[PDB]
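Before any questions on how it binds or moves, here is one chain, the form solved without the partner chain, in structure tokens.
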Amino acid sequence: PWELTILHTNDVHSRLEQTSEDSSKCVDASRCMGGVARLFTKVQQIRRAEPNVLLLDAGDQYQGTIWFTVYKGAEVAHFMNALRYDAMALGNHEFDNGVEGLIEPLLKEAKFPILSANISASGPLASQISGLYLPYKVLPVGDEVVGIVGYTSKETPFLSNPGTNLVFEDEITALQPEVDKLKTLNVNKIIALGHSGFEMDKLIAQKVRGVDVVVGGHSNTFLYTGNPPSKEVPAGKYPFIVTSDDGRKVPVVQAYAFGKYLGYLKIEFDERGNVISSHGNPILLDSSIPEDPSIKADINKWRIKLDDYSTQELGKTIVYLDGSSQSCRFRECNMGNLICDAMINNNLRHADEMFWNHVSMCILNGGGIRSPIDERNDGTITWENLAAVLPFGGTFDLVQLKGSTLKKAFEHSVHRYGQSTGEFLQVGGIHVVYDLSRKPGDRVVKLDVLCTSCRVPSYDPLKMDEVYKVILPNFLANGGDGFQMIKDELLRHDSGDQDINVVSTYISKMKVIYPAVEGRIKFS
């Protein structure tokens, strides 16, 4: 029996440095986790001990911290090269800076094959990108070979910025011919590595004949066999076993997100590339594992430009930006307005005759706003100032909510109004009126929202059964601040850019900002 050890990461999302336990800035070293230096240590230990090792990444290295802001994927090529990744599948966020922002920093600099079988190019882009990513790669491992076939979420054109000369085909339709092609090269050991989410990964396991193992991403899925080592709650066993339509047992794995774990799966194969068995579990990269000193020092050197950048002027405010709790927890505050205006301004997508913009509405819990910004420093705003206001390392995500759900959110906003609790909502694209003299749960007396299906944006009454796209913090999408109805009733949830990045981009675009308190929220 020939044994393969698959080490794998997915949705690292620019967590090049070690993080806190919930994947934000590392504050208390003794409780910090992940980062590429620690991952280096663990990979190097395993590669010392085990004969046949592949280190794979299932996409979404791009986007998530100031690393990506400053280095735009050059940090991904550099550190992935240093860790000697064996292959990577493209994810949705690898198109965030467009095709050009993928070809250069990543495709041209990676020292390992980057894979996707279901993306095809045309127009002049076809010539520019030809051969710079591949449907599959056959890799020598020990004395054997392993084929790896890649795939990328077919939703990518709605989520990111691939442009109009890339077509994203159905994953299963695209993969089958490639796997058939591998069979014809006498490749009998096949990994599907790709970035479409656990539910798609299971379908690939079931339906794509010849696939031996699926290594996936995109859904931040945590799989574990046994007691969970940290706070993530498993979505299922590791590996998750799919019974394929050809009656094989196909293991499916993922390793959460943010570089906190190193996926580790051992597969025993017989002479004909059939899986005898497979077992393993993600490894929690906690502080018991030392950060490799060399990679740490290189990280520290790369961090000099980030620190520099963090204190430069992004743009100016001519107004005090009132992020005080005494305002933002009690009434409309102009810092809430700025953040929402920035959320809506980020990622505009228009379709003639269809929508002026795909999203028009924003909500933001006042407790998420953690500082004002003073305008009397020559009006300068820096990334560091924005980090005081938004210090949690979160994202601004897009969800789809029924009107009824959002009406419940706005009742929750004021259900125990007056105690300075964090749940009071700042808004954009929404005009709400409350009457606090009404019973809790019945205080929203007017709730109008900006149309999307219109050529001229205007405000209409919220409709209980209609589904609205809303940008809001990942904190709220996950039901924080007691917004359980959002978590439980949302119909879709896509993760977006890092919170600070969204606001900094808007400020840099606008050059000079002056958000006002203008009657988005009123009390009768």
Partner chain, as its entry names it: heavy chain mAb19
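Under this definition, the rigid core comprises the largest set of C-alpha atoms superposing within 1.5 Å between the forms. Positions refer to the first chain, counted from 1.
Form solved in complex with the partner chain: not shown, discussed below.
- Within 4.5 Å of the partner chain in the entry with it bound: all of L134, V145 and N186, by heavy atom? Yes, the whole candidate spot contacts the partner chain.
- Query: Between the options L284, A387, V138, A235, which residue brings a heavy atom to within 4.5 Å of the partner chain in the entry with it bound?
  - Reply: Going through each option in turn, the one that passes is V138.
- Task: Determine which one of 437 to 445, 412 to 420, 177 to 185, 203 to 211 lies within 4.5 Å of the partner chain in the entry with it bound, judging by heavy atom distances; exactly one does.
- Result: Result for this chain: 177 to 185.
- Of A351, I241, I276, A388, only one moves its C-alpha by 2 angstroms or more between the shown form and the other one once the rigid core is aligned, so tell me which. Just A351.
- Message: Using a rigid core superposition, assess whether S122 undergoes a CA shift of 2 Å or more between the shown form and the other one.
- Response: Moves: yes, 2 Å or greater.
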